[PDB]
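A.B. asks: Here you go, one structure.
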Amino acid sequence: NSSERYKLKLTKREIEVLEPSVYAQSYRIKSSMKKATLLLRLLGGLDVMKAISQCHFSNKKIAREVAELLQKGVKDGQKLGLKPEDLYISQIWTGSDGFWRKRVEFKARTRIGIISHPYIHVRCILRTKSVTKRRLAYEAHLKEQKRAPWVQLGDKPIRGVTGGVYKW
Amino acid sequence: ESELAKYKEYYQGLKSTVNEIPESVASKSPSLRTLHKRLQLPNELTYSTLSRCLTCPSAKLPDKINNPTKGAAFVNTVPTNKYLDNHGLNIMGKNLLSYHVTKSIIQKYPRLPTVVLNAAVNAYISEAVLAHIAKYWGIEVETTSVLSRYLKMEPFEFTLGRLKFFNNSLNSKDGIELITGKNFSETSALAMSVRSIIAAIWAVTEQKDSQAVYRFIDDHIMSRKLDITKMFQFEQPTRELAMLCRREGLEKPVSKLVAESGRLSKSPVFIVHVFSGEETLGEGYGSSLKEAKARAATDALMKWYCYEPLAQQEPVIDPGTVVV
Amino acid sequence: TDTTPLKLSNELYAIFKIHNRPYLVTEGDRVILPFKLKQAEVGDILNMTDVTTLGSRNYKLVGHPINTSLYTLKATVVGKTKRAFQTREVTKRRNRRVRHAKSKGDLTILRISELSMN
Amino acid sequence: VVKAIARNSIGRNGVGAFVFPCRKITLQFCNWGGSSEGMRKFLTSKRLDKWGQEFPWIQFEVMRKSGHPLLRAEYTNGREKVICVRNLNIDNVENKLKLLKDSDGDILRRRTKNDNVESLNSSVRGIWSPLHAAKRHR
Amino acid sequence: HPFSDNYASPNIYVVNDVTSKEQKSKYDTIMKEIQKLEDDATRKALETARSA
Amino acid sequence: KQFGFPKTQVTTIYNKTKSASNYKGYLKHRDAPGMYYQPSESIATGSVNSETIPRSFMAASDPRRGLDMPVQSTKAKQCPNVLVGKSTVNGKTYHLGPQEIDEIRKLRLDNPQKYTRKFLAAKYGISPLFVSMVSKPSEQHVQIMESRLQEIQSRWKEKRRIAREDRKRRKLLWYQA
RNA sequence: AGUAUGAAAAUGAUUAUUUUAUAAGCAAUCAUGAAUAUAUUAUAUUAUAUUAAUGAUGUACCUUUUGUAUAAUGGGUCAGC
RNA sequence: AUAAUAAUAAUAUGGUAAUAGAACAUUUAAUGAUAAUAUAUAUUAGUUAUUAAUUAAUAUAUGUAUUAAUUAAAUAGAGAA
Ligand SMILES: [Mg+2]
Ligand SMILES: [Mg+2]
Ligand SMILES: [Mg+2]
Ligand SMILES: [Mg+2]
Ligand SMILES: [Mg+2]
Ligand SMILES: [Mg+2]
Ligand SMILES: [Mg+2]
Ligand SMILES: [Mg+2]
Ligand SMILES: [Mg+2]
Ligand SMILES: [Mg+2]
Ligand SMILES: [Mg+2]
Ligand SMILES: [Mg+2]
Ligand SMILES: [Mg+2]
Ligand SMILES: [Mg+2]
Ligand SMILES: [Mg+2]
């Protein structure tokens, strides 16, 4: 309904942010960050359903919480407009949730330690196979096209300074 | 009194100055003077003429002003006189550039292929290059609004000194271009300005010193580096070379191994020379034999085409491109 | 001195010396002298005098300094400037005093405008 | 068959016609502000006029602002040097102005040893080759 | 209190010391005056429509 | 030999076999004032230089023709032929008439699998290239061949496709000069 | 141990760029390829920035001593004092 | 007969303990224009022979510097207890 052409100028960051995503967040999980990492590294770039399945059959305690989070993120994505079979976990990390209560451990022979009690949160960003993954495939293709070939007897720069004199 | 009335009369005065380009006002303009001194323009070229050269055509304000919602607002420039713009000048400058540059290229490389020559000409006087040159010179665009200028209460001299066309305010704000015609592009306006200056120079000097314009062009345009060897891209050069040899009084070209090392390695070196009789035409190194052969043919073709005769020689008119 | 092949050749290089510092140049080359020129201002032209070698692809005239009559070699002074500012620190091995040796040497950008056999 | 590769020329400022690198200088000062005294004195005292007479290809803007006194140059390449001349005397300001006018606009940069000449041109003699050398290796 | 005439070399000039506040006030008055002009014209047009 | 200049290597004061890269030695080496002949230690592939262009490509009124600088260092008798066609070794033949050509064309359309280019060449004592120039095959056959080629390409791995791309880029680069 | 605010650092996880699975030491500096990013004068054969190809040089800091890479003193890191 | 800046010729410019001279950052007091087109703080990239300040962009605050400058002073500068 218009004869006006346009050209859009976005940055890399702007491109990244505007692709359809969904941002899951856990509640105050009772665990170490290290323990969370030990699981979460497995769920790197998986499809959300696959990740959920892995969490269900994992032996770890954080696993259930991670599964629940993934389920919530899927539900959010559905509400927005996205599909659950389209969603993959783009990023998933953990962090300290703060207010870890220290508590002295009394040892033998008038010695002591301090026992902290770590609480964490897992956040994750689900992105779409339909868009983000396609975009990065396209970028990879462009990079491949750009890539200058290996030339056998090719023009390499004569590195070093000339010194105001012909050496040949 | 009313501030609107004060603004309106200022605008009217500005419009009148644009229509005239009165000489005293143009002289007062510091930017014009500095431009004149920078380029070492002739004293016969008046400051009014220089101001005019910076004035692009802008008779009527376009329909796209009606909506800034569609991504355009033209609020900087003021309407110009029909018979006092850079338009006629610009055309003349373009013609001069197309003549002289091309002639210089032909003098340099009398056998240069037609497509290659055209590319070289473009390189020397393309719109982007011309715009860059204008920027380098210091031809700045009138980006500031008329209202803003009035508020600052700046003279009309400064306006005259700047480049004046329908430059779209909010051109790429929020990363949104509108893709308008050539009559609203900055690069094009800058190109026109540099061509208009050349035309003005020609107009003033033609009767006294006819070649003054052409030496100015040589100084500014033809002084720029262009390796003509980087312009070429052959397809089946051996066949073309053979055709060339047939056309001239030369024996059939055959490629022969001069030197060889590292056969049966990742990166050998094969030197082959395309001989016509005992004379070698092209020398070709390569990783493969085929590659070396190809390179020798391309070298021969380069030597044929990019042959540059001396000025002392009588004119070399080539016998056309080698039609394979 | 039969200087005919040099005169004929389309490509041609020079090895002129400013204060015995050699600089190998063609026309268009942009020399960067490592000092502040006092004599010439920006825009001034320098006629090179102590030209050691004038060379084609296969020949070279050599003189110390080649006859000024035989050639031309005009440089233009295209901007006095400086190197980037640097501050190396000077200190001994059990001494808290660390003297900062600030440095920002001068440069003079020449451009070889003309180079030809006269 | 032969085809062109679209390519653009490189401007060497010096070779044909020298365009002077410094195009515009802005003298900025403050009426209040004791740091702008030497700048103010310079503006007053017939030196600026002489300067403008000497260099009519540079335009000399004179601005008033609340902050420290400023000398911003503007060059052909599009770069902009800005020197703050706070608490400098007249003569120091003038020296700074001279320095600015001297500059080709390009960014400051570390040079390696003997990194003297900067050519666009292909070598007049070729690049060395072991097959084509005068003395063959062994 | 320098001026462009003071220096007597035409490449030198002094930009006009107009305070930002004064400029803003001027802008306000002009745009306000335009608005007033427009509103009166619209009212007149409405009155004419009502009449016939 | 027009010019009788003394000839010089690009001389260092140091040992050239051990210190060829040492610019300092070159800088040190002074030689007596005059004209010299320093033959270039380079191939003349990319050079548009006037001392590199051959005499046949120079114009008739060029002074440079007479001067001895396009040196014929190599000899065509000594060098052996590289990727040379059989026409170039033993001369081109223009023997086949119109009728023979028409017969060849008829054959090729009829059955390009049986009567292939090489077979035609063998029959008529002529080149496969010439056969191709003379006669088109049935477009169906060409389409089949294209489809086969596409299938082969698909059968590749990722690596092979990349290598083929690189090869193509190299080929393109060869013809630049 | 006020209330707001908080891209202050140490510290953790994750992503991106880049280097890294035949190479040996204060982990820097200088030389020098390559890859990537940004660049409303890259006109380019462009400029800056980031990055342990490769090469060269390089015995933490302080204190106390005739004298310390010392296997002599002292410091887990950063913030405030 | 001075001061500032710039020339030329000459001599000098490693430094622990130590002596002498000159600056800057920070905080308070006296005097004090200006202003959201401004100021402050932070990040990034430029600039000035650069512990400092300045330019531009970006961010957050504030209808605003005890601001520039000169003085007076100091809980006035921290990898070393
Ligand atoms: Mg908190
Ligand atoms: Mg116990
Ligand atoms: Mg613990
Ligand atoms: Mg130390
Ligand atoms: Mg000691
Ligand atoms: Mg040795
Ligand atoms: Mg390895
Ligand atoms: Mg190790
Ligand atoms: Mg140890
Ligand atoms: Mg120790
Ligand atoms: Mg310890
Ligand atoms: Mg000392
Ligand atoms: Mg203290
Ligand atoms: Mg501290
Ligand atoms: Mg310290």
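Ordering of the structure tokens sets the chain letters (A, B, ...), residue numbers begin anew at 1 in every chain, and ligands are numbered from 1 in the order given.
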For ligand 5, return the neighbouring residues as a PDB file with N, CA, C and O atoms (P, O5', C5', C4', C3', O3' and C1' of nucleotides), in the first residue's frame (distance at most 10 Å; only C-alpha atoms (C1' of nucleotides) and all ligand atoms).

C.D. replies:
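And here's part-v6.pdb as it stands now:
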ATOM      1  N   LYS C  92      66.063   0.560  38.208  1.00  0.00           N
ATOM      2  CA  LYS C  92      66.976  -0.481  38.672  1.00  0.00           C
ATOM      3  C   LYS C  92      66.191  -1.502  39.492  1.00  0.00           C
ATOM      4  O   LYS C  92      65.006  -1.302  39.777  1.00  0.00           O
ATOM      5  N   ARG C  93      66.857  -2.586  39.882  1.00  0.00           N
ATOM      6  CA  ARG C  93      66.156  -3.816  40.252  1.00  0.00           C
ATOM      7  C   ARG C  93      65.684  -3.959  41.702  1.00  0.00           C
ATOM      8  O   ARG C  93      64.933  -4.883  41.994  1.00  0.00           O
ATOM      9  N   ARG C  94      66.150  -3.097  42.603  1.00  0.00           N
ATOM     10  CA  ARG C  94      65.584  -2.988  43.957  1.00  0.00           C
ATOM     11  C   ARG C  94      65.557  -1.508  44.322  1.00  0.00           C
ATOM     12  O   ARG C  94      66.232  -1.048  45.249  1.00  0.00           O
ATOM     13  N   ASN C  95      64.764  -0.774  43.549  1.00  0.00           N
ATOM     14  CA  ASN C  95      64.674   0.674  43.640  1.00  0.00           C
ATOM     15  C   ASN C  95      63.281   1.111  43.207  1.00  0.00           C
ATOM     16  O   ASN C  95      62.876   0.869  42.069  1.00  0.00           O
TER      17      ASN C  95
ATOM     18  P     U G  64      65.186  -1.463  54.127  1.00  0.00           P
ATOM     19  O5'   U G  64      66.089  -2.745  54.395  1.00  0.00           O
ATOM     20  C5'   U G  64      66.052  -3.456  55.640  1.00  0.00           C
ATOM     21  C4'   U G  64      67.034  -4.601  55.601  1.00  0.00           C
ATOM     22  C3'   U G  64      68.475  -4.218  55.315  1.00  0.00           C
ATOM     23  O3'   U G  64      69.132  -3.736  56.484  1.00  0.00           O
ATOM     24  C1'   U G  64      67.868  -6.086  53.987  1.00  0.00           C
ATOM     25  P     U G  65      70.602  -3.113  56.372  1.00  0.00           P
ATOM     26  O5'   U G  65      71.480  -4.362  55.931  1.00  0.00           O
ATOM     27  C5'   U G  65      72.683  -4.185  55.177  1.00  0.00           C
ATOM     28  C4'   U G  65      73.080  -5.491  54.543  1.00  0.00           C
ATOM     29  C3'   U G  65      74.299  -5.413  53.646  1.00  0.00           C
ATOM     30  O3'   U G  65      75.466  -5.524  54.454  1.00  0.00           O
ATOM     31  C1'   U G  65      72.551  -6.495  52.485  1.00  0.00           C
ATOM     32  P     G G  67      75.627  -4.054  48.932  1.00  0.00           P
ATOM     33  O5'   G G  67      75.263  -5.343  48.071  1.00  0.00           O
ATOM     34  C5'   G G  67      75.749  -5.502  46.725  1.00  0.00           C
ATOM     35  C4'   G G  67      75.825  -6.967  46.366  1.00  0.00           C
ATOM     36  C3'   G G  67      74.511  -7.730  46.414  1.00  0.00           C
ATOM     37  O3'   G G  67      73.797  -7.531  45.195  1.00  0.00           O
ATOM     38  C1'   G G  67      76.225  -8.989  47.482  1.00  0.00           C
ATOM     39  P     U G  68      72.209  -7.286  45.198  1.00  0.00           P
ATOM     40  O5'   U G  68      71.623  -8.761  45.330  1.00  0.00           O
ATOM     41  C5'   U G  68      72.058  -9.802  44.435  1.00  0.00           C
ATOM     42  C4'   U G  68      71.050 -10.925  44.388  1.00  0.00           C
ATOM     43  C3'   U G  68      69.599 -10.508  44.151  1.00  0.00           C
ATOM     44  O3'   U G  68      68.963 -11.348  43.193  1.00  0.00           O
ATOM     45  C1'   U G  68      69.745 -11.821  46.103  1.00  0.00           C
TER      46        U G  68
ATOM     47  P     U H  16      68.795   7.679  43.195  1.00  0.00           P
ATOM     48  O5'   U H  16      69.435   6.598  44.174  1.00  0.00           O
ATOM     49  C5'   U H  16      68.940   5.244  44.230  1.00  0.00           C
ATOM     50  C4'   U H  16      69.412   4.552  45.490  1.00  0.00           C
ATOM     51  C3'   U H  16      69.401   5.391  46.760  1.00  0.00           C
ATOM     52  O3'   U H  16      68.126   5.306  47.387  1.00  0.00           O
ATOM     53  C1'   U H  16      71.524   4.368  46.508  1.00  0.00           C
TER      54        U H  16
END

A.B. asks: Could you name the residues that touch residue 8 of chain B at 12 Å or less, counting only C-alpha atoms (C1' of nucleotides), but leaving out those on the same chain fewer than 3 positions away, as a VMD selection string?

C.D. replies: (chain B and resid 2 to 5 11 to 15 146 to 147 150) or (chain E and resid 30 34)

A.B. asks: Taking only C-alpha atoms into account, report as number ranges by chain which residues of chain D lie within 7 Å of chain F.

C.D. replies: D: 125-129, 132-134

A.B. asks: At a cut-off of 12 Å, can you tabulate as JSON lines every residue of chain C near chain B together with its closest atom pair and the distance in Å to one decimal, using only C-alpha atoms and ordering rows by chain then number?

C.D. replies:
{"residue": "C:7", "atom": "CA", "partner": "B:310", "partner_atom": "CA", "distance": 10.1}
{"residue": "C:8", "atom": "CA", "partner": "B:310", "partner_atom": "CA", "distance": 7.5}
{"residue": "C:9", "atom": "CA", "partner": "B:310", "partner_atom": "CA", "distance": 8.8}
{"residue": "C:10", "atom": "CA", "partner": "B:308", "partner_atom": "CA", "distance": 7.9}
{"residue": "C:11", "atom": "CA", "partner": "B:308", "partner_atom": "CA", "distance": 10.9}
{"residue": "C:27", "atom": "CA", "partner": "B:225", "partner_atom": "CA", "distance": 10.3}
{"residue": "C:28", "atom": "CA", "partner": "B:225", "partner_atom": "CA", "distance": 8.0}
{"residue": "C:29", "atom": "CA", "partner": "B:225", "partner_atom": "CA", "distance": 10.7}
{"residue": "C:43", "atom": "CA", "partner": "B:38", "partner_atom": "CA", "distance": 11.2}
{"residue": "C:113", "atom": "CA", "partner": "B:223", "partner_atom": "CA", "distance": 9.6}
{"residue": "C:114", "atom": "CA", "partner": "B:223", "partner_atom": "CA", "distance": 11.2}

A.B. asks: Selection from above, N, CA, C and O atoms, as a PDB file, in the first residue's frame, can you write it?

C.D. replies:
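And here's result01.pdb as it stands now:
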ATOM      1  N   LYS C   7      66.679   7.471 -19.963  1.00  0.00           N
ATOM      2  CA  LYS C   7      65.785   8.476 -20.545  1.00  0.00           C
ATOM      3  C   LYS C   7      64.579   7.840 -21.231  1.00  0.00           C
ATOM      4  O   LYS C   7      63.450   8.317 -21.089  1.00  0.00           O
ATOM      5  N   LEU C   8      64.840   6.766 -21.972  1.00  0.00           N
ATOM      6  CA  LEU C   8      63.795   6.018 -22.673  1.00  0.00           C
ATOM      7  C   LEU C   8      62.790   5.328 -21.751  1.00  0.00           C
ATOM      8  O   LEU C   8      61.588   5.347 -22.029  1.00  0.00           O
ATOM      9  N   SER C   9      63.281   4.721 -20.670  1.00  0.00           N
ATOM     10  CA  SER C   9      62.462   3.828 -19.840  1.00  0.00           C
ATOM     11  C   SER C   9      61.257   4.509 -19.185  1.00  0.00           C
ATOM     12  O   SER C   9      61.364   5.633 -18.690  1.00  0.00           O
ATOM     13  N   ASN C  10      60.116   3.815 -19.198  1.00  0.00           N
ATOM     14  CA  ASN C  10      58.880   4.318 -18.576  1.00  0.00           C
ATOM     15  C   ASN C  10      58.935   4.315 -17.044  1.00  0.00           C
ATOM     16  O   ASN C  10      58.487   5.270 -16.405  1.00  0.00           O
ATOM     17  N   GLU C  11      59.484   3.241 -16.472  1.00  0.00           N
ATOM     18  CA  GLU C  11      59.716   3.142 -15.031  1.00  0.00           C
ATOM     19  C   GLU C  11      61.153   3.537 -14.724  1.00  0.00           C
ATOM     20  O   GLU C  11      62.066   3.259 -15.507  1.00  0.00           O
ATOM     21  N   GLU C  27      58.360   8.138  -8.708  1.00  0.00           N
ATOM     22  CA  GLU C  27      57.431   9.278  -8.651  1.00  0.00           C
ATOM     23  C   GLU C  27      56.131   8.829  -7.977  1.00  0.00           C
ATOM     24  O   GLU C  27      55.648   7.720  -8.224  1.00  0.00           O
ATOM     25  N   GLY C  28      55.588   9.687  -7.115  1.00  0.00           N
ATOM     26  CA  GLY C  28      54.428   9.338  -6.292  1.00  0.00           C
ATOM     27  C   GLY C  28      54.758   8.788  -4.917  1.00  0.00           C
ATOM     28  O   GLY C  28      53.892   8.790  -4.038  1.00  0.00           O
ATOM     29  N   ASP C  29      55.991   8.314  -4.722  1.00  0.00           N
ATOM     30  CA  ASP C  29      56.406   7.767  -3.433  1.00  0.00           C
ATOM     31  C   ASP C  29      56.474   8.849  -2.366  1.00  0.00           C
ATOM     32  O   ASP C  29      56.758  10.016  -2.648  1.00  0.00           O
ATOM     33  N   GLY C  43      54.213  22.704   1.841  1.00  0.00           N
ATOM     34  CA  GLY C  43      53.935  23.239   0.506  1.00  0.00           C
ATOM     35  C   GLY C  43      55.173  23.561  -0.316  1.00  0.00           C
ATOM     36  O   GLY C  43      55.090  23.635  -1.544  1.00  0.00           O
ATOM     37  N   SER C 113      57.293  14.315  -6.240  1.00  0.00           N
ATOM     38  CA  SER C 113      56.370  14.782  -7.276  1.00  0.00           C
ATOM     39  C   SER C 113      56.891  14.521  -8.686  1.00  0.00           C
ATOM     40  O   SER C 113      56.146  14.038  -9.543  1.00  0.00           O
ATOM     41  N   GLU C 114      58.163  14.847  -8.916  1.00  0.00           N
ATOM     42  CA  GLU C 114      58.791  14.705 -10.231  1.00  0.00           C
ATOM     43  C   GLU C 114      60.085  13.906 -10.117  1.00  0.00           C
ATOM     44  O   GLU C 114      60.855  14.101  -9.179  1.00  0.00           O
TER      45      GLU C 114
END

A.B. asks: Counting only C-alpha atoms, which residues of chain F sit at most 10 Å from some atom of chain B, and what is each one's closest atom pair with its distance in Å to one decimal, listed by chain and rising residue number, as a Markdown table?

C.D. replies:
| residue | atom | partner | partner_atom | distance |
| --- | --- | --- | --- | --- |
| F:43 | CA | B:283 | CA | 6.9 |
| F:44 | CA | B:283 | CA | 6.1 |
| F:45 | CA | B:299 | CA | 5.2 |
| F:46 | CA | B:299 | CA | 6.5 |
| F:47 | CA | B:303 | CA | 8.0 |
| F:48 | CA | B:303 | CA | 6.1 |
| F:49 | CA | B:307 | CA | 8.4 |
| F:50 | CA | B:307 | CA | 7.5 |
| F:52 | CA | B:303 | CA | 8.1 |
| F:53 | CA | B:303 | CA | 5.5 |
| F:54 | CA | B:281 | CA | 5.9 |
| F:55 | CA | B:279 | CA | 8.6 |
| F:56 | CA | B:250 | CA | 7.9 |
| F:57 | CA | B:304 | CA | 5.6 |
| F:58 | CA | B:307 | CA | 7.2 |
| F:59 | CA | B:316 | CA | 7.3 |
| F:60 | CA | B:316 | CA | 9.4 |
| F:61 | CA | B:313 | CA | 6.4 |
| F:62 | CA | B:313 | CA | 6.2 |
| F:63 | CA | B:313 | CA | 7.7 |
| F:64 | CA | B:310 | CA | 9.2 |
| F:70 | CA | B:280 | CA | 9.1 |
| F:71 | CA | B:280 | CA | 9.2 |
| F:72 | CA | B:279 | CA | 6.7 |
| F:73 | CA | B:280 | CA | 9.3 |
| F:74 | CA | B:258 | CA | 7.1 |
| F:75 | CA | B:278 | CA | 6.5 |
| F:76 | CA | B:278 | CA | 5.5 |
| F:77 | CA | B:278 | CA | 8.0 |
| F:78 | CA | B:258 | CA | 8.3 |
| F:79 | CA | B:256 | CA | 5.4 |
| F:80 | CA | B:256 | CA | 5.1 |
| F:81 | CA | B:256 | CA | 4.4 |
| F:82 | CA | B:256 | CA | 5.1 |
| F:83 | CA | B:290 | CA | 6.9 |
| F:84 | CA | B:254 | CA | 7.0 |
| F:85 | CA | B:254 | CA | 9.4 |
| F:88 | CA | B:254 | CA | 7.6 |
| F:89 | CA | B:254 | CA | 9.2 |
| F:170 | CA | B:291 | CA | 9.2 |
| F:171 | CA | B:291 | CA | 7.7 |
| F:172 | CA | B:233 | CA | 8.2 |
| F:173 | CA | B:233 | CA | 8.6 |
| F:174 | CA | B:295 | CA | 6.1 |
| F:175 | CA | B:234 | CA | 5.2 |
| F:176 | CA | B:233 | CA | 4.8 |
| F:177 | CA | B:229 | CA | 6.5 |

A.B. asks: What does the file look like for those residues with C-alpha atoms, as a PDB file, in the first residue's frame?

C.D. replies:
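The result, stored in out.pdb:
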ATOM      1  CA  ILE F  43      60.789 -12.916 -14.310  1.00  0.00           C
ATOM      2  CA  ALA F  44      58.976 -10.451 -16.595  1.00  0.00           C
ATOM      3  CA  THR F  45      55.427 -11.745 -15.983  1.00  0.00           C
ATOM      4  CA  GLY F  46      53.609  -8.834 -14.301  1.00  0.00           C
ATOM      5  CA  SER F  47      55.827  -6.104 -15.787  1.00  0.00           C
ATOM      6  CA  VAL F  48      54.443  -3.474 -18.185  1.00  0.00           C
ATOM      7  CA  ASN F  49      58.011  -1.992 -18.133  1.00  0.00           C
ATOM      8  CA  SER F  50      59.409  -0.850 -21.502  1.00  0.00           C
ATOM      9  CA  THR F  52      60.401  -6.008 -20.612  1.00  0.00           C
ATOM     10  CA  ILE F  53      58.067  -5.657 -23.677  1.00  0.00           C
ATOM     11  CA  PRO F  54      59.224  -7.627 -26.782  1.00  0.00           C
ATOM     12  CA  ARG F  55      60.291  -5.911 -30.028  1.00  0.00           C
ATOM     13  CA  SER F  56      57.437  -7.353 -32.131  1.00  0.00           C
ATOM     14  CA  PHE F  57      54.953  -5.674 -29.743  1.00  0.00           C
ATOM     15  CA  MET F  58      56.850  -2.352 -29.912  1.00  0.00           C
ATOM     16  CA  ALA F  59      55.721  -0.013 -32.710  1.00  0.00           C
ATOM     17  CA  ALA F  60      57.784   0.381 -35.903  1.00  0.00           C
ATOM     18  CA  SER F  61      58.723   4.008 -35.095  1.00  0.00           C
ATOM     19  CA  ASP F  62      59.727   3.133 -31.491  1.00  0.00           C
ATOM     20  CA  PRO F  63      63.366   4.034 -30.719  1.00  0.00           C
ATOM     21  CA  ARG F  64      63.441   1.161 -28.161  1.00  0.00           C
ATOM     22  CA  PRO F  70      64.482  -7.278 -24.435  1.00  0.00           C
ATOM     23  CA  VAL F  71      67.234  -9.904 -24.082  1.00  0.00           C
ATOM     24  CA  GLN F  72      66.694 -13.282 -25.700  1.00  0.00           C
ATOM     25  CA  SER F  73      68.443 -15.255 -22.950  1.00  0.00           C
ATOM     26  CA  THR F  74      66.486 -18.449 -23.675  1.00  0.00           C
ATOM     27  CA  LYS F  75      66.543 -20.429 -26.931  1.00  0.00           C
ATOM     28  CA  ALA F  76      63.440 -22.081 -28.449  1.00  0.00           C
ATOM     29  CA  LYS F  77      65.559 -24.938 -29.873  1.00  0.00           C
ATOM     30  CA  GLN F  78      66.680 -25.910 -26.346  1.00  0.00           C
ATOM     31  CA  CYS F  79      63.259 -25.602 -24.635  1.00  0.00           C
ATOM     32  CA  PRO F  80      60.712 -28.489 -25.012  1.00  0.00           C
ATOM     33  CA  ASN F  81      57.008 -28.034 -25.909  1.00  0.00           C
ATOM     34  CA  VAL F  82      54.480 -27.805 -23.015  1.00  0.00           C
ATOM     35  CA  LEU F  83      50.743 -28.664 -23.323  1.00  0.00           C
ATOM     36  CA  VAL F  84      50.976 -28.095 -27.076  1.00  0.00           C
ATOM     37  CA  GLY F  85      48.165 -29.320 -29.347  1.00  0.00           C
ATOM     38  CA  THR F  88      50.828 -27.020 -33.572  1.00  0.00           C
ATOM     39  CA  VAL F  89      53.386 -29.880 -33.771  1.00  0.00           C
ATOM     40  CA  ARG F 170      43.341 -20.072  -8.241  1.00  0.00           C
ATOM     41  CA  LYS F 171      42.426 -20.526 -11.922  1.00  0.00           C
ATOM     42  CA  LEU F 172      40.681 -17.137 -11.940  1.00  0.00           C
ATOM     43  CA  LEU F 173      43.739 -15.574 -10.274  1.00  0.00           C
ATOM     44  CA  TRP F 174      46.068 -16.988 -12.988  1.00  0.00           C
ATOM     45  CA  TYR F 175      44.365 -14.914 -15.716  1.00  0.00           C
ATOM     46  CA  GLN F 176      44.566 -11.602 -13.751  1.00  0.00           C
ATOM     47  CA  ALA F 177      48.166 -10.457 -14.367  1.00  0.00           C
TER      48      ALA F 177
END

A.B. asks: Find the residues around residue 31 of chain H up to 12 Å (only C-alpha atoms (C1' of nucleotides) counted), leave out those fewer than 6 positions away in its own chain, and share them as a count of residues only.

C.D. replies: 4

A.B. asks: Set the cut-off to 8 Å, count only C-alpha atoms (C1' of nucleotides) and all ligand atoms, and list whatever residues fall near ligand 6 as a VMD selection string.

C.D. replies: chain F and resid 15 18 to 19

A.B. asks: Using the selection just defined, write its residues with N, CA and C atoms as a tab-separated table (two decimals), in the first residue's frame.

C.D. replies:
chain	number	residue	atom	x	y	z
F	15	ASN	N	79.46	-11.51	2.41
F	15	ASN	CA	79.25	-12.75	1.67
F	15	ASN	C	77.78	-12.87	1.27
F	18	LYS	N	75.73	-16.03	2.30
F	18	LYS	CA	75.36	-16.09	3.72
F	18	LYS	C	74.51	-14.91	4.21
F	19	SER	N	74.65	-13.76	3.57
F	19	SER	CA	74.00	-12.53	4.01
F	19	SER	C	73.43	-11.77	2.82

A.B. asks: Residues contacting ligand 14 - anything with an atom at most 10 Å away, using only C-alpha atoms (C1' of nucleotides) and all ligand atoms - can you give me those as a ChimeraX atom specification?

C.D. replies: /G:78-81 /H:78-79

A.B. asks: Taking only C-alpha atoms into account and nothing else, which residues of chain D lie no more than 10 Å away from chain E? Please answer as a ChimeraX atom specification.

C.D. replies: /D:24-27,31,40,43-65
